[PDB]
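For reference, the structure discussed in these notes is given below.
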Protein chains: 6
Amino acid sequence: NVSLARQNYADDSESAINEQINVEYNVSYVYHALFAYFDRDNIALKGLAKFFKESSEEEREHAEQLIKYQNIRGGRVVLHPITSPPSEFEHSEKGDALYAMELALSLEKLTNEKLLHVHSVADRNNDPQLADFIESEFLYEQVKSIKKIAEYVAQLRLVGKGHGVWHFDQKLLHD
Amino acid sequence: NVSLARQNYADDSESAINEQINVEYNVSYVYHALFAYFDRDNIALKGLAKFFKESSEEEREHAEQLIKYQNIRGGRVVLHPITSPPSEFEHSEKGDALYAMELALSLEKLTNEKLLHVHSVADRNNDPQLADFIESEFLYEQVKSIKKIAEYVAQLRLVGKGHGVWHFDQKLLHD
Amino acid sequence: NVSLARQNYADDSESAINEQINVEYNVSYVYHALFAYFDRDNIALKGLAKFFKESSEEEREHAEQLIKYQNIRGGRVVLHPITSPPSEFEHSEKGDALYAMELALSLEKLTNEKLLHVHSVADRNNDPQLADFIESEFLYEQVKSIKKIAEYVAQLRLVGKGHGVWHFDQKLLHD
Amino acid sequence: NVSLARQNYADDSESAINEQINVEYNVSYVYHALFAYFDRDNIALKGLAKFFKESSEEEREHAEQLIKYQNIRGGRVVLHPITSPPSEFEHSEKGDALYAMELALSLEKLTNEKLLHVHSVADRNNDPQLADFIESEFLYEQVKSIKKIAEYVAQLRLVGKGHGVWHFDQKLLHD
Amino acid sequence: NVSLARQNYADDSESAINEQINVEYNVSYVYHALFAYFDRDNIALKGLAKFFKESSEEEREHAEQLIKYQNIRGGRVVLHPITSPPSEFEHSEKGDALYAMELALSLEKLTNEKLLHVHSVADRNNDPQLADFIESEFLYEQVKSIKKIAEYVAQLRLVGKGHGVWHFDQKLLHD
Amino acid sequence: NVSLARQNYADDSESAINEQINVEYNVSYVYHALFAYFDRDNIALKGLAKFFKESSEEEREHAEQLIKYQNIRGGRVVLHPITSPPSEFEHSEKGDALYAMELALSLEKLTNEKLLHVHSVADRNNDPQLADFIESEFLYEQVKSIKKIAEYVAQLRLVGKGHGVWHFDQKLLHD
Ligand SMILES: [Mg+2]
Ligand SMILES: [Mg+2]
Ligand SMILES: [Mg+2]
Ligand SMILES: [Mg+2]
Ligand SMILES: [Mg+2]
Ligand SMILES: [Mg+2]
Ligand SMILES: [Mg+2]
Ligand SMILES: [Mg+2]
Ligand SMILES: [Mg+2]
Ligand SMILES: [Mg+2]
């Protein structure tokens with residue numbers, strides 16, 4: 001029936017973790033839609049495809065880590081529906097590549113906002129282990145990832161459409 | 001914005017592949033709910049949890065392989081919603097372990113049924129490349145997986161609840 | 001009682017596989033009779049003996065693979081009687097060696113005809129996995145084996161009886 | 001067309017060796033039916049299946065060794081029909097595993113009885129080479145195999161049906 | 001003078017294979033004309049030259065594989081004329097590189113159409129071995145090749161004429 | 001768009017190189033027809049097949065070297081049609097092997113005559129680099145190949161038909 005491990009773990013904290021699992025899965029799914037777009041033969045931006053596919057795997061790993069954490073604390077994992085992401089990332093004015101990177105950046109900042117919410121739930125329930133788990137396993141990697149993608153945005157704006165985007169994509173491919 | 005690779009690839013086949021991606025993703029998600037249940041401290045069947053987690057990873061890799069195939073043929077990948085799986089796999093008369101394994105078996109047979117439909121879609125559109133992709137990459141591995149899981153069901157019925165289930169789980173844990 | 005794996009597997013397909021198991025065993029047994037003849041001290045064609053003994057092992061391995069396949073699909077293996085092969089392969093006009101190779105060739109073509117029958121049973125029962133299993137695991141190796149033995153027939157006809165047969169046998173021995 | 005090697009080798013002994021080849025082949029075939037039964041998905045005793053498959057291979061290698069011996073002595077090898085073995089080894093009161101092992105034990109004792117007759121055939125024809133071939137290559141290995149299988153029968157009676165049988169099977173699987 | 005191997009091999013299948021051999025040779029020859037053009041000192045696109053030269057060698061290897069297959073099945077190889085390809089691939093609007101890569105794409109799709117025709121001939125003559133040979137040895141490699149070249153077309157359109165084309169060519173050279 | 005490398009390179013020399021490219025391709029094609037004949041299951045001369053296959057590859061490599069040379073000198077490669085070779089090489093009185101080796105000898109001496117023509121075109125046009133290219137890259141290998149094949153003709157005449165030809169062929173196979 002009941003968890004024998006659960007201790008100092010509030011219903012609201014359990015719920016916030018189940019919510020964060022769903023955020024990470026949904027963002028993982030959008031990254032996989034981004035991979036599927038740039039992997040098309042008529043788009044053919046293989047570095048962007050690779051980067052978005054690796055980002056999809058990374059976010060799913062975050063989701064799996066939170067599932068494991070939930071059970072460590074004795075909460076119960078509830079897996080919520082995963083929403084259908086858009087399929088098309090065409091943007092004639094910005095170029096598809098810059099538009100996709102700007103969307104990835106907004107994806108990372110949304111994830112960060114959600115993580116900061118989990119942290120506030122932990123603090124208001126006096127759960128220092130949950131607060132530390134979020135800080136040490138997610139918050140620092142999240143701001144590093146935000147800065148990295150913001151740098152890609154800046155570089156894609158600098159090189160311009162056409163040859164420059166293709167070249168930035170080759171740099172992404174071989175990193 | 002049109003595929004330059006696409007040839008002899010019907011919209012019928014394109015949609016069946018997008019449906020199969022969704023089937024594999026949903027089955028992967030159910031396997032992750034099964035992992036999350038047996039990973040609970042009060043269930044504590046580590047072999048079952050490991051088997052279902054690795055099954056979840058395998059089904060996700062099937063989805064990603066079909067995504068890449070779609071783009072090879074010049075179809076457009078559409079990622080459909082992933083439905084929320086059940087969280088509870090308690091069953092007093094069968095025991096949780098036998099019940100979960102019988103559910104895994106029906107998951108694999110449902111996947112096989114969907115795969116056989118994709119193959120008939122290929123045949124009816126005279127798409128021998130798609131037919132052979134399904135046969136060579138999925139259909140043989142699928143009947144092997146169904147037999148493996150039916151063997152686990154038989155072994156779980158033989159050893160009985162309690163000590164026997166825990167012992168079967170340890171064997172799974174070390175496979 | 002009943003197979004839990006069996007799915008899309010017709011009674012006629014199960015029967016055709018049990019029949020093919022018996023074909024492979026019977027051909028394996030005739031190859032072993034061929035080995036036993038050329039291994040006689042007064043025949044003393046050690047390359048032919050070796051080739052026929054390895055062919056006997058190969059065909060028995062085919063029989064064992066079909067037994068395993070039957071259980072993978074959830075059919076029930078029925079092992080039918082194995083017929084007594086002839087013991088003597090003397091042929092004064094052709095020479096024993098050429099006569100035995102021509103018989104091996106007819107053995108391989110009979111096996112091929114039986115395999116093509118299994119395949120037709122699979123197609124008429126809409127069993128694409130069985131059809132692919134036969135194609136990918138048997139049909140290609142079978143035509144390669146038929147061409148190889150036909151080449152031995154042609155070479156044995158070319159070298160002629162006596163010294164030439166003994167020499168061709170030495171070539172077979174060291175391959 | 002006559003053997004130049006044959007010496008002190010009675011037709012009595014030649015026929016007894018051809019009979020022993022047939023005994024080993026029939027026992028090998030029964031062991032393969034036992035493999036095919038325990039390899040079923042609803043039986044799923046992998047250790048038993050492996051033991052019986054390796055027993056089938058061992059008995060076939062005995063047949064092939066006797067074929068080679070026949071030709072060493074200058075007898076003519078005759079390969080007799082191999083009879084269809086039973087397919088079903090279900091036994092509610094003993095349990096399938098104990099029943100099958102007791103059948104294996106009687107198979108080995110029947111083989112031993114046949115071997116002892118071949119030895120008496122050698123003795124009554126003053127064929128000390130044949131007698132010593134039987135003693136050195138078969139009779140000691142045969143009593144060792146009978147004792148090993150009688151030990152398996154005793155262990156299967158001790159552990160009882162259900163969990164115990166599955167556990168004994170796992171020990172067999174890792175031997 | 002007659003094939004002893006030939007079995008279940010229709011005259012129409014033999015002809016379709018001989019036609020496919022000629023298609024592979026003609027495509028190989030056109031690739032060699034593309035190599036000879038981009039290897040000119042005043043064109044000097046080394047990566048495209050290398051790619052077209054390796055494509056010519058691989059298409060010739062396909063022709064040789066089909067020759068060997070014809071003899072495995074016991075048909076007779078007939079080698080037909082290889083027609084003269086164009087020598088000039090100058091295109092002012094598209095640029096030579098994009099024009100040549102679009103031409104390569106249509107050559108691969110033309111080969112694919114002929115392969116699918118051979119497949120249909122095999123199906124119509126109930127030749128599952130020939131159907132499987134085309135599927136497993138040619139059709140999958142062909143769709144991968146078509147996607148690769150369509151990706152090259154997309155990249156050549158993205159980078160534009162002049163510096164971009166030269167840069168894409170360097171990428172192709174070192175891959 | 002004109003060659004910037006071309007220097008002291010006469011139109012007649014350019015044309016003689018394009019003619020020689022077509023000579024090597026046609027000879028290569030005939031060697032492939034010889035391979036396809038001796039690769040038949042009812043001919044089964046594996047050494048002759050291997051020799052003619054590698055001769056075909058060698059002559060095609062000569063053609064490609066002449067293509068590269070043409071571009072080094074600034075001429076334009078023109079690829080002419082490749083005529084259809086014979087498919088049958090049966091000769092009852094000589095035997096197929098001796099007849100085919102005598103045909104290869106004629107092929108090599110014809111190629112030699114064409115090369116000596118290219119050399120005389122170079123001399124008439126005071127093109128010492130072309131003359132030296134032909135001398136050092138082709139003429140010496142050509143007389144060595146001619147002597148090699150003449151030696152094969154003499155050995156095939158000496159061993160006679162049947163066992164001798166098969167034996168010579170085995171020697172060729174292991175060279
Ligand atoms: Mg994350
Ligand atoms: Mg801290
Ligand atoms: Mg799957
Ligand atoms: Mg076989
Ligand atoms: Mg296939
Ligand atoms: Mg024995
Ligand atoms: Mg080439
Ligand atoms: Mg090709
Ligand atoms: Mg040459
Ligand atoms: Mg010189």
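Note: hydrogens, waters and symmetry copies are ignored here, and every other heavy atom, side chains too, is used. Counting convention: from 1, in listed order, for ligands and their atoms alike. Just so it is clear: chains get the letters A, B, ... in the order the sequence lines come, proteins before strands, and each one is counted from 1.
- Counting only distance, with no hydrogens or angles, the side chain of B:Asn125 and the backbone of B:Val121 share a donor-acceptor pair below 3.5 Å.
- Ring-centre distance between F:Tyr37 and F:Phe52: not below the 6.0 Å cut-off.
- Taking the six-membered ring for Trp and the full ring otherwise, the centers of F:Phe51 and F:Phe38 sit at least 6.0 Å from each other.
- A donor-acceptor contact shorter than 3.5 Å links the side chain of E:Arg73 to the backbone of E:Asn8.
- Excluding waters, the set of protein N/O/S atoms under 2.8 Å from the Mg ion (ligand 9) reads F:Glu24 OE1, F:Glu59 OE1, F:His62 ND1.
- With sequence neighbours excluded, the residues that form a side-chain contact (heavy atoms from CB on, under 4.5 Å) with E:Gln142 are E:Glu108, E:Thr111, E:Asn112, E:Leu115, E:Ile146.
- When the Mg ion (ligand 10) is compared with the N/O/S atoms of F:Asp132, atom OD1 turns out nearest.
- Taking the ring centroids of C:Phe133 and C:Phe138, they lie under the 6.0 Å cut-off.
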